[PDB]
């Protein structure tokens, strides 16, 4: 009965909880007496020995720069779990399907991508998940399979499509304010110059919004318009890596129109970027029934970012 804890910070911490000198030894029972571990902005490179904390209910990990978090997967009595950290990419978290008593999962403020879902969407007791501030998460439908999920926070992510949200059995709270579609996982289309419309006489370039294939869609098919404002806090249009002047632009629902464009400018066109707010006010859209009794459904005010190459 002596637990091997190779990381000196880690072990210093545990000794701490047990009221013991930094480098003191720790036995199989002392590990078993813990009820929580909180490692916060301390550098712990290696979590070896956490596996012996069988009775921990709570484990908060913030910014420890571990190479992975592999050793938490067996902590079957865990109730709440937080892992946060700008360096926490999705490969570092193993499968959590073994965390069968876990009621609360919070992987916020990290470097997460879509692959994180398949590791967390079998969790049987988890009623809330926080994946907010993970910019490169763009689709939450794989969590429809979770039996017990009531609340999901994806604030500040890149989610674009809410069709299928009613397949979630128990989700009564969706917090999705201020998504930036294409902010971390970038969106690019390769298009022929024929998809566009040039007019010789008026020297106008027209880009149809049928090209913005990743524009917000509410569960019910509603497709909110882009904002009409030409101010650079609202729209940011780019030709050949150059932001067009706000005044050169006209925005309808169907498209964007640039004045002062010669056939010369038109032939000499390789690159575009449409980066604008989508006019999606809290009161401007319907909310599904399951969120209507005390629930919340906020998909308000997203931002769209789409890069193009022209042929």
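Numbering follows the first chain given and starts at 1.
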Could you settle it for me: does 13-21 or 294-302 have the higher average Cα B factor in the PDB entry? 294-302
Avg C-alpha B-factor, entry values, 223-231 vs 134-142, higher side is 223-231
The largest CA temperature factor among 44, 53, 272, 26 is found at 272
Residue, from 63, 243, 33, 60, that the PDB entry assigns the highest Cα B-factor: 243
Record-listed C-alpha B factor of residue 102: chain third: lowest
Within-chain third of residue 94 by Cα B-factor, per the entry: lowest
Relative C-alpha B-factor of residue 75, binned into the chain's lowest, middle or highest third: middle
Modelled-residue ranking by C-alpha temperature factor, third containing residue 180: lowest
What third of its chain's C-alpha B-factors does residue 195 belong to: lowest, middle or highest? highest
